[PDB]
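Below is one structure, written out as structure tokens; comments come after it.
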Amino acid sequence: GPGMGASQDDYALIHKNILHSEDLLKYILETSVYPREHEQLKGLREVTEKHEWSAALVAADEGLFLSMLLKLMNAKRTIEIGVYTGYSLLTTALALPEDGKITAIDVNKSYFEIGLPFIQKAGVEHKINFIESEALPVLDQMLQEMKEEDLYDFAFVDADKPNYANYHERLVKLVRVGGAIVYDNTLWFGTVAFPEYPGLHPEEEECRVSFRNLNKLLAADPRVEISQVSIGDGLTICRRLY
Amino acid sequence: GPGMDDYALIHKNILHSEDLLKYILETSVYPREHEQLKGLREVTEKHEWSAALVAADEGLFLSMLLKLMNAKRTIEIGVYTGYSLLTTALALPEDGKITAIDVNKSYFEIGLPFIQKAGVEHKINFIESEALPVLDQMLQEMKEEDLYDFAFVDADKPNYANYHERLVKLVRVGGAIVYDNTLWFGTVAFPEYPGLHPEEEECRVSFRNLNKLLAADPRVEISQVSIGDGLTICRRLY
Ligand SMILES: Nc1ncnc2c1ncn2[C@@H]1O[C@H](CSCC[C@H](N)C(=O)O)[C@@H](O)[C@H]1O
Ligand SMILES: Nc1ncnc2c1ncn2[C@@H]1O[C@H](CSCC[C@H](N)C(=O)O)[C@@H](O)[C@H]1O
Ligand SMILES: O=Cc1ccc(O)c(O)c1
Ligand SMILES: [Mg+2]
Ligand SMILES: [Mg+2]
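Chains A and B are the protein sequences, given in the same order. Everything in the first sequence is counted per the authors' numbering, starting at -2 for the first residue and increasing by one. Throughout the second sequence, residue numbering follows the authors' numbering, covering -2 to 1, 6 to 239 in sequence.
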């Protein structure tokens, strides 16, 4: 619609970090992440760092953390909501077993096609079923077709932040009991800690309010147990109880 | 000796402000913290070594990790008043079993009433000893059927690398080894750091050596996580 520009340059928060020290973040990346980062993940990240929406790219240390969760819980079928150039998707496909399957959802397939050659060189494209659509209609259609034996083990939500609570209502029924739902960016550059934060783009302010509401909802939701983790831009792990 | 304290690292917060950390604790931790964990934490904050108490948001994450991997047999090295131990016992199933090792049982007795009131004392086998002899004796007695699903290391920091050599044999393949404090209050990010107590400086040097060792170790895959004082999760590959 008409109005204000909403590109990455129009945002105010992209350079703000949740860690106190930029040196500490760089130490973590150079000591414990890059030596453990798949060669195709490196290439995918380096191209994405030059893309016009580079700030949306998931943090590399968070990527290795998501991989660790997937392997430790022996995930086999996963769903990803928000693919962009595919760094978390390629991370997920490399973590799953040979016969693992991923449902990847994003409104923009041209983003996915930037990383697709790296995913192909890694040899894990066969695991991925990409769906070019808005996530919410796809999730609602799944609620009409998916049977108990096909529930997902793991869900990574990293798409349009104001819709997280809406995705949550579907994902607590699409993920198996004891499965995991991970919401990205639940600390939103640290702005969630304040009731009001000046100097934000309208979309950044909307995400601050939605995340402040989401973090309260998730902490009070009896259907899941949660753990908020201050890695990357913050994430919240949910484990379905019933 | 009496003819010879005063430390620099007391407050755990690697986030950009006190406000952000307090927001996480009040919004996402305290409403999910067990009441006996709350009682244990509040009395431990009055203890003279309260700086050693595990970060509460880090404890909730340990609980999440134990359930997601369905751990049943765990080992903890470094108990103190027992916050992470009680966190573990509350997360395991009713038949879960924990081997808890610490050199000082008087610390463990501070949290034992809370563990008992929580009804999970039956899951814990506490061993008052230095951990390295106990682990070495485990390497001669334990069989493949008795391997641990999960290990939490939170004891004397310069011994972490030595613990690692034992635990990559005592934790099952695909099991987890978790090390607390691998970011050591942020000090590991610098080759030199001024004004540290000699013991705090020795831990900084050891963690810088440990972090490089773990990242080069082909026996495990790692993930270092900037939560609390930093933790490194290790998954045994073979
Ligand atoms: N309503 C919607 N439904 C599905 N995808 C959406 C959406 N709104 C935005 N998106 C997509 O969500 C993505 C968020 S960026 C995601 C980052 C990516 N997971 C990584 O690892 O780096 C964008 O690619 C955007 O196209
Ligand atoms: N060599 C050793 N073997 C076993 N435990 C040791 C040790 N050296 C120190 N410790 C113990 O390790 C503990 C570190 S403090 C650990 C904090 C605790 N895990 C929590 O949840 O808060 C101390 O209680 C100390 O007594
Ligand atoms: O001994 C000091 C200390 C400080 C912080 C810790 O997390 C810990 O385990 C020990
Ligand atoms: Mg994100
Ligand atoms: Mg510690």
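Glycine is no exception: its CB is placed at the ideal position from the N, C-alpha and C atoms.
For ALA216 (chain A), the chain B residues whose Cβ falls inside 7 Å of its Cβ are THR28, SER29, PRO32 and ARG33, in order along the chain. Spatial neighbours of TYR164 (chain B) in its own chain (CB-CB distance under 8 Å, excluding positions within 5 residues in sequence) are listed in chain order as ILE78, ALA132, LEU133, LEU136, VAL154 and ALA156. Residues of chain A with a Cβ closer than 7 Å to the Cβ of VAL189 (chain B) are, in chain order, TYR24. Each of B:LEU87, B:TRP50, B:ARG74 and B:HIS48 was checked against the Cα of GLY60 (chain B), and the nearest Cα belongs to B:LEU87.
Annotation: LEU197 (chain B) is outside any beta strand (DSSP E) and is labelled neither H nor E by DSSP.
Residue B:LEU171 holds the alpha-carbon nearest to the alpha-carbon of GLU146 (chain B) among B:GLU166, B:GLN138 and B:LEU171.
Among the residues facing chain B, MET1 (chain A) is not included, as its CB has no counterpart in that chain under 8 Å away. Annotation: Cβ neighbours of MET70 (chain B) in chain A (cutoff 7 Å, chain order): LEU69 and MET70. In the DSSP annotation of this structure, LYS23 (chain A) is not part of any beta strand (DSSP E); the continuous alpha helix (DSSP H) holding it starts and ends at 19 to 25. Check the Cα spacing between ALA101 (chain B) and each of B:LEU22, B:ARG74 and B:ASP7: the tightest is with B:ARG74.
In the displayed model, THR100 (chain B) falls within a strand according to three-state DSSP. Flagged as an interface residue toward chain A: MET65 (chain B), by a C-beta distance shorter than 8 Å.
Just so you know, the alpha carbons of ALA56 (chain B) and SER107 (chain A) end up roughly 42 Å apart.
Near chain A, meaning a CB-to-CB distance below 8 Å, the residues of the region 35 to 67 of chain B are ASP58, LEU61, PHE62, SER64, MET65 and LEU66.
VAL179 (chain A) is outside the set of residues whose beta carbon lies under 8 Å from a beta carbon in chain B. Residues of chain B with a Cβ closer than 8 Å to the Cβ of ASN210 (chain A) do not exist; the shortest Cβ-Cβ separation is about 11 Å. Nearest Cα to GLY196 (chain B) within the set B:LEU211, B:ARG220 and B:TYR8: B:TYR8. For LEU140 (chain B), same chain residues with a beta-carbon under 8 Å away, outside a window of 5 residues either side, are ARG167, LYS170 and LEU171 in chain order. Distances between the C-beta of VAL80 (chain A) and the heavy atoms of ligand 1 include at least one below 7 Å.
Looking at A:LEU16, A:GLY176, A:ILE15 and A:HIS35, the one whose alpha-carbon comes closest to that of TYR149 (chain A) is A:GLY176.
Rounded to whole angstroms, the gap between the alpha carbons of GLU95 (chain B) and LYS158 (chain A) is 38 Å. Chain A has a Cβ within less than 8 Å of the Cβ of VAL226 (chain B).
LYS118 (chain B) and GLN37 (chain B) have their C-alpha atoms some 7 Å from each other. In the assembly as shown, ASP20 (chain A) is an exposed residue. Its beta-carbon has fewer than 16 other beta-carbons within 10 Å.
The three-state secondary structure of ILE116 (chain A), taken from DSSP, is helix. Annotation for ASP103 (chain B) indicates a beta carbon at 7 Å or more from all heavy atoms of ligand 3. Closer than 7 Å at the C-beta level to chain A, one finds no residue of the region 113 to 131 of chain B.
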